[PDB]
Ligand SMILES: [Zn+2]
Ligand SMILES: [Zn+2]
């Protein structure tokens, strides 16, 4: 209930 | 709004790996992003997602609403989300 917050991040690592 | 039908999720502990079967692109999400993704998989609407995040993290609601808004938009830009 008291975790340290950081903004959610989407990271693209590659492709087929 | 929902997760695209063409996406498959790989759960590795705290984090989530996403693959889009149509675009052939793959992604990783951090702790908070993955928490949000799990809630999306459960079909939770953004308001419910915001409630969940605020209950688990030390953060003001406006920050969460703003960040979530950016995050969902980022997902949609990669076609990971649809109907957003
Ligand atoms: Zn679809
Ligand atoms: Zn899942």
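Counting neighbours? That spans all protein chains shown, and the Cβs are built from the backbone with ideal geometry, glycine included. Each value in this text was obtained by applying a stated rule to the coordinates, not by laboratory testing.
So what is the relative contact order for chain B, in percent, with contacts set as C-alpha pairs under 8 Å and at least six apart? Dividing the mean separation by the residue count of chain B yields 32 percent. At an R0 of 25 angstrom, the distance between the Cβ atoms of residue B:55 and residue B:12 translates into a FRET efficiency of 0.55.
Relative to the longest principal axis of the Cα atoms of chain B, the long axis of helix B:46-56 makes an angle of roughly 60 degrees. Counting only other chain Cβ atoms within 10 Å of each residue's Cβ, the peptide B:46-57 averages 1. When peptides B:57-64, B:33-40 are sorted by average Cβ neighbour count within 10 Å, with the highest value leading, the order is B:33-40, B:57-64. For chain B, adding -39500 (n - 2.57) for each run of n ≥ 4 DSSP H residues and dividing by the number of residues yields -14500 deg cm²/dmol at 222 nm. Were the residues from residue B:70 through residue B:1 laid out at 0.36 nm apart, the gain over their Cα-Cα distance would be 23.3 nm.
Peptide B:13-19 shows a mean partner chain C-beta count of 1 within 10 Å per residue C-beta. Ordering B:20, B:11 from the fewest to the most neighbouring beta carbons within 10 Å gives B:11, B:20. For B:47, B:79, the sequence from fewest to most other C-beta atoms within 10 Å is B:47, B:79.
Extension gain, residue B:42 to residue B:78: 0.36 nm times the residue separation minus the Cα-Cα distance gives 10.9 nm. Centre-to-centre, using Cα atoms only, chain A and segment B:1-59 are separated by 9 Å. Within chain B, antiparallel bridges make up roughly 100 percent of the DSSP beta bridges whose residues both belong there.
Of B:48, B:56, B:65, the residue with the greatest mean-square motion in the GNM of chain B, using alpha carbon springs below 10 Å, is B:56.
Peptide B:73-81 has a mean of 1 when you count, residue by residue, the C-beta atoms of other protein chains within 10 Å of its C-beta.
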